[PDB]
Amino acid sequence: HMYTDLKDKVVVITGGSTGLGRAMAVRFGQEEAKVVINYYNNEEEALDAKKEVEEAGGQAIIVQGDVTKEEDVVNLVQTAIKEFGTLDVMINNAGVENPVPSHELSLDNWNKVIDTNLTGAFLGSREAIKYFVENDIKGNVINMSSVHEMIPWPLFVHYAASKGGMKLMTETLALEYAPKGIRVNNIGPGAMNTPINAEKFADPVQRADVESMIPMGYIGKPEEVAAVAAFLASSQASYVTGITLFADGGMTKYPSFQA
């Protein structure tokens, strides 16, 4: 039991049923926190995750919601307050992406990604902070960004823009609510072994290509990101606000410049 101060804190996690969201759900369970798992699409996956959280030593519910719908985010935070009594840590983790040459990217496709990856995190952040301010709680927000808030990403201009935006959103909220003890940070994962990438990583030629862009030489394990989230949510990170903490095996250091 690492961060004893996390025990019984209420942690909401959008997209908490798979990948990084699930890894963070589990980790906060290992810290004996009260995890609220948001999911959009697949209850069976969310139920399987709810179980892991409970087994890990935590308490958990699942809540269906589309992060692009204001009522759903408001509902999610309200449900967390109903079920567990309060809110302590808000983790905006939901995200989508798809490759399209930028000059061929449709407005609807651009909007889907912006709506999901950035605006969803804004709504999440807003609702949590609103609750924190009204109830004098020194709460915590973790926004799930990407190396691509810094690394440009051709074929993924919508994704890159969404994370560049998330960066300035996080930094603004951190500055604006710092005097109230509310901290807001980003995590920036590199290439992580999650469902989204499972396709690419099966192709041994593609897996090696991805690996050649990671200086540490391996694709990240999702628990390596959850460890960063645990730290940032904890009182160990008490003087840490408005940062992006990259967990990327060195990827933002320019892989093409390796000796």
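In case it trips you up, residue 1 is the first one in the sequence shown, and so on.
Comparing 112 to 120 with 155 to 163, the stretch with the higher mean C-alpha B-factor in the PDB entry is 112 to 120. Relative to one another, 238 to 246 and 8 to 16 have unequal mean CA B-factors, and 8 to 16 is the one with the higher figure. Reading the B-factor column for the CA atoms of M150, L107, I137, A178 in the entry, the top value corresponds to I137. Out of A191, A233, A198, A226, the entry records its largest CA B-factor for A198. The deposited CA B-factor of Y254 belongs to the lowest third of values across its chain.
When the modelled residues of the chain are ordered by their C-alpha B factor, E97 lands in the middle third.
Remark: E127 belongs to the middle third of its chain, ranked by C-alpha B-factor as recorded. For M90, the recorded CA B-factor ranks within the middle third of the chain. Only modelled residues enter the ranking. In the PDB entry, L173 places in the lowest third of its chain by CA B-factor.
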